[PDB]
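There is one chain below, alone, in structure tokens, taken in the form deposited in one PDB entry.
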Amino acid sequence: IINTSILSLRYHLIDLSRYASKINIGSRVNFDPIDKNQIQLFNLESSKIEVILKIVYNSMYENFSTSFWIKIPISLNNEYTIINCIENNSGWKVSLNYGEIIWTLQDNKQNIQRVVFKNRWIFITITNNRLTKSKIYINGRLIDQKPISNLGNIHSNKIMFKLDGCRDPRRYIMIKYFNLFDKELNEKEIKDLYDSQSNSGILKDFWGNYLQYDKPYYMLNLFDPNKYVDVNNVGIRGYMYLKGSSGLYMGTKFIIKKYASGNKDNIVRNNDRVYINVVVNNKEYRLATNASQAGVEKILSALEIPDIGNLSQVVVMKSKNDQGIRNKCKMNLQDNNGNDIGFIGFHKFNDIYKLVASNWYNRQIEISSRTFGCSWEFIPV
């Protein structure tokens, strides 16, 4: 559905839609150096992008849609405009406030319809049909809608990306992959749009940021997000486990270490082979097991790095791209010859949920049978 866009803003910034179209960038716009399509808009004039569509009437008179990713990273809160396409007091805009993302249509008869959604990357899609409603979707899912059949006609030639009326000097927004469409997208097309752009060869943290090497994370097991990971002693005779939960223990910190990646950047990619380090009392240890002993469930331990020997420690990182409610990760432990030991999960032994690598998970997947407990999220420390 992206190939049918009437504007596709992509990093220079350029419109890649079948139609050319003019971009003006002010001096104070920033692009992430690692992900150039990651646009940073600050609370400054010069921190503006102006898009001149070059025909408004046709395509978007009666029905049209917009999509983009956003992150919003003394209390000085108030409604401010972030994307503006109003002229002769009619058109549309996106606006932000505390706990609010706001869509506003205006129609020349001074009539206005407002739709609202109440530190995370979120995928927004807004659809419009003068015959029916304005609709807000978040991560491919309908959150709110308002009838707009009572509104009049809507002819702007110009879209302005700029914080307007924001009174906090530190406020900034992140946008990426802005598109305009000449039709009212349906729920299936929006899911497919989200799923395409979301489901990727890059692992994500809990907030949807790129997962990184050499960065401390807390590990969340999606079987029970109320449990934190703890260590029962360092060494092969100890183990890691899950235990039930201001004064809030978040558990043991994990660090993902490069092993086989030839990438100089520090983003964890799908199928990267890595080591996992565990921090215990401000010292690093290696996640590992002895796959030559025991049953299928290989209990994971925190090893002294100098004493790892030939223990199994190589982890294949995987993004799990199902329904996009969560930034799910899996970890397949391997020996030093590329043989699968098993996905990392947990097993209840003596009423403790001990971390394990188990080929049971891999065997279930092989025969299309249910797994649980082998899905993780990484929360930056």
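Whichever C-alpha set is largest while still superposing within 1.5 Å between the two forms counts as the rigid core. Residue numbers run from 1 along the displayed sequence.
- Unmodelled deposited residues between residue 281 and residue 282: none, per the record.
- Where coordinates are absent for parts of the deposited sequence, a chain break appears; between neighbours residue 19 and residue 20 there is no such break.
- Remark: stretch with higher mean C-alpha B factor among 298-306 and 257-265 is 257-265.
- When the mean C-alpha temperature factors of 19-27 and 368-376 are read from the deposited coordinates, 19-27 comes out higher.
- Take 61, 346, 343, 349 and read off each C-alpha B-factor from the entry; 61 has the highest.
- In this entry, the residue among 138, 112, 276, 291 with the greatest C-alpha B factor is 112.
- Remark: residue 328 belongs to the middle third of its chain, ranked by C-alpha B-factor as recorded.
- In the PDB entry, residue 129 places in the lowest third of its chain by CA B-factor.
- When all modelled residues of the chain are sorted by CA temperature factor, residue 171 is found within the middle third.
- In this PDB entry, the Cα temperature factor of residue 240 sits in the bottom third of its chain's modelled residues, the lowest group.
- Among the modelled residues of its chain, residue 118 has a C-alpha B-factor that falls in the highest third, as given in the PDB entry.
The protein also exists as the form deposited in another entry; that form is not presented, and the subsequent description refers to it.
- Annotation: the position in 267, 86, 142, 174 displaced by at least 2 Å at CA between the shown form and the other one, with the core superposed, corresponds to 267.
- With the core held fixed, the Cα of residue 289 is displaced between the shown form and the other one by 2 Å or more.
- After superposition on the rigid core, the Cα atom of residue 26 is displaced by less than 2 Å between the shown form and the other one.
- Relative to the superposed rigid core, residue 188 undergoes a CA displacement smaller than 2 Å between the shown form and the other one.
- A shift of at least 3 angstroms pushes the Cα atoms of residue 261 and residue 319 further from each other in that other deposited form than in the displayed structure.
- The pair residue 187 and residue 370 approaches in that other deposited form: their C-alpha atoms are at least 3 Å nearer to each other than in the form depicted.
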